[PDB]
Every structure is written in C-alpha cells, then in structure tokens.
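First come two forms of one protein chain, each written alone as structure tokens, so that there is a structure 1 and a structure 2.
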Structure 1
C-alpha cells in the first residue's frame, strides 16, 4: 500500500528530549508524505519496553537504550558526550572544570531510570566521585530554568545543553570525569524487520536524522 493510503497508528518510545528533537520534523514531513498516518508516543519503560517491542505494541524506540540487545536491530543517528552545565555568571564554576571543583560544587542529579543515562550516577560513584546532590529530578527537560536560578551544576547530554545555553543563560564545560559516549540510535525488533510500514517509517527517520553521511 502507498503511504497516502495508510491510516496506521505507529507507537514510538522516546524521552522528553527525544520528543522535542524528533517529533517536530517528523510530523512536518508526515503532513507532506503520509498525511493519514497517526503517531502516538510514550516514555521508555525498562520493565515493559522489550516485551512491548516483541509483541508489536511499540513499533520503534529512539535514544540511549543499551538494554535492547539480542533480537533487536539498531541504526546509529548520531553520538555526543556528557558535559557539565551551569549558569553563565556562576560565581566560581569554570570551563574546563577540574575534577576537584566538579566534586566541590552542588548538583542537580537526573535519575533517567529507563535509559542509559540512568548509568551516570553509578559510573561517577564507582570512580569514587562523591557529589553533593542538592536536588534530584527524574528527567532532563526542566534542568535549564533550575540551573539559571541557582549555583547548582548538572551532567547533561551535549546536544540538549547547547539548546539550553541561550534561552536559560547557561554555559558548559567538557566533563572532567571519564563518562561513556551517548550513542543515539533508532531501534526495532527483529519480528518487524520486514514489515513494510515499519520499514517505511524507519527510512524516514534515517532521512531526517541520520548523520552517517552528514558527519
């Protein structure tokens, strides 16, 4: 069936950041290419996501999702690093920040339970980096106005940080801790590898967001 004929609803898993990044250009393109398709999103749910992708309840997932392993396929959209972010007139924070100073200032922690970002707190702690967690929030999206009004600092994905800098008057430093890359991928389950609708929507994601040729 041609894309214009499709009235299928595709269910897509992604974080708050992912929704702000992926949804505006996707829906813009869908209105031109397949205007009767419906999209619904949901936040990643580590308890349910694999099962939901196996059963076909969730069609695609986008983000840092290291648990989607055997039985899944992935295509790389881009990769980026964690950075330290803080307000631009912070009284003492500097770029490049020292590990000592990272460890002295107070933090907004981000739990990010159902994604690879949930690994950060344990990676720091096992390296023996103790942080004074003044505030802990579950997700990244509200970090910006919090850092603006305080002397707190945060460990944040670089592409999201860059989007926060001007609107909230923040700046960033390369991260002094050794943290892994953030690989942002498009995921699907092997059972839907040759489903024509899933294939078509995957190719659209690649066309709109893949930096394999770009960069």
Structure 2
C-alpha cells in the first residue's frame, strides 16, 4: 500500500524548508514508505498557482502569500524572527537593543514569493533603516556569511537555531516588533481527496505540527 508506492512527490518550499523538513521526512519515509521519491522546488520556480492546479506540484510549504486565497491551507507551526551574528562578534550583545540593531551592518534576505519580504518594509515603517551592505535571495548562505564577517541578520528562529553550532553563531531575541511567522501546508482543491496527497499531508501534519494550545 503506502510501503509500495514509487510515486515521486513534488514539493514547493524555501531553502530553510529543505534543511528543516527533509531530514525528518526522509527518516519517516525510510520507516513507512521507503520507495517514495521526493523532489523540491523553490516557491518562485515557475507558476506556482498554475503548477499546483495542474498537479505538477503536489504540496507547498512555508509563509506563502501567493496561496493565501484559492487553496486549502493548514498551519503547521509559528515561530519568530530573531537576530543572528557570529559568536565572537566584537560588539553585538544578546538581548540586542534597537539602538545597537541600528548601529550594526546587515545582510538582508529577499525570499522571493514568500512573506519574509515584508520584513524590510515593516522595519522601514518603524524608522529602522538598516545599513545593508548585502542582499541575497535566500537564507542558508547567511550562516557562512555571518561566520566570517561582522554583519548581522534578521532570520526565522527555527532556521537560526540550526546555524548556531555549524557556523559558530549566536542569536538574540529581535529588538523590533515583527509579526509571528506562520509556516503552513498548502494544497489545491483538485487533490483534496487524492489518497496519496492526503497521506503525505497527514505525514507533514504529524511530523511538523506544533503541539497546540
């Protein structure tokens, strides 16, 4: 049944999603359905809405404003933005003050087709105009960049904690008031009742849902 499938599922997610969702998913699949193949793609890859409609993309994961309307969507968890910097930073402290946040230099991330791109506008509207020497499209490059510079960054908490040891970095709670990050699972009405889709949806829900309350 589930054990036997050799179906390939295609999943849209960010690079954080790849490092976060893939290892436990692979571990679960080796226990439960060891022949299933998984392919990922970034939320910006083509025509996400069209590709979910046609069935080329089975599921989408993340903070995804594109799909806020015509799609089924289930919340997996919430987490916050934190500030991150190298463990031996010459001046950065935790907790970091707004003043210090505005004094330091930043690397920014433009996560295309995600809601993370609201961050710069939200800070700007609060009067926090960062000295941002570098802007990159995506998140994982942030680890090595912070490891070998005095830059700081604003990043999702669940990504940050995964960088602390590998890249020798520390986090601070974020001095600015930023909304919570809702990481959701999305699917198109067409596959609402497809057995294989429901099974993979249920697995994501089981593996990744916040113990709510």
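Numbering follows the first chain given and starts at 1. Whichever C-alpha set is largest while still superposing within 1.5 Å between the two forms counts as the rigid core.
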Across 156, 184, 153, 53, the single C-alpha shifting 2 angstroms or more between structures 1 and 2 with the core held fixed is at 53
If I superpose the two forms on their rigid core, does the C-alpha of residue 35 end up displaced by 2 Å or more between structures 1 and 2? yes
Would the C-alpha of residue 26 be classed as shifted by 2 Å or more between structures 1 and 2 after rigid-core alignment? yes
Once you line up the core, how about residue 96: does its CA shift reach 2 Å between structures 1 and 2? no
Backbone CA shift between structures 1 and 2, residue 113, after core fitting (angstrom): 2.0
How many angstrom apart are the two C-alpha positions of residue 143 between structures 1 and 2, if you fit on the rigid core? 0.2
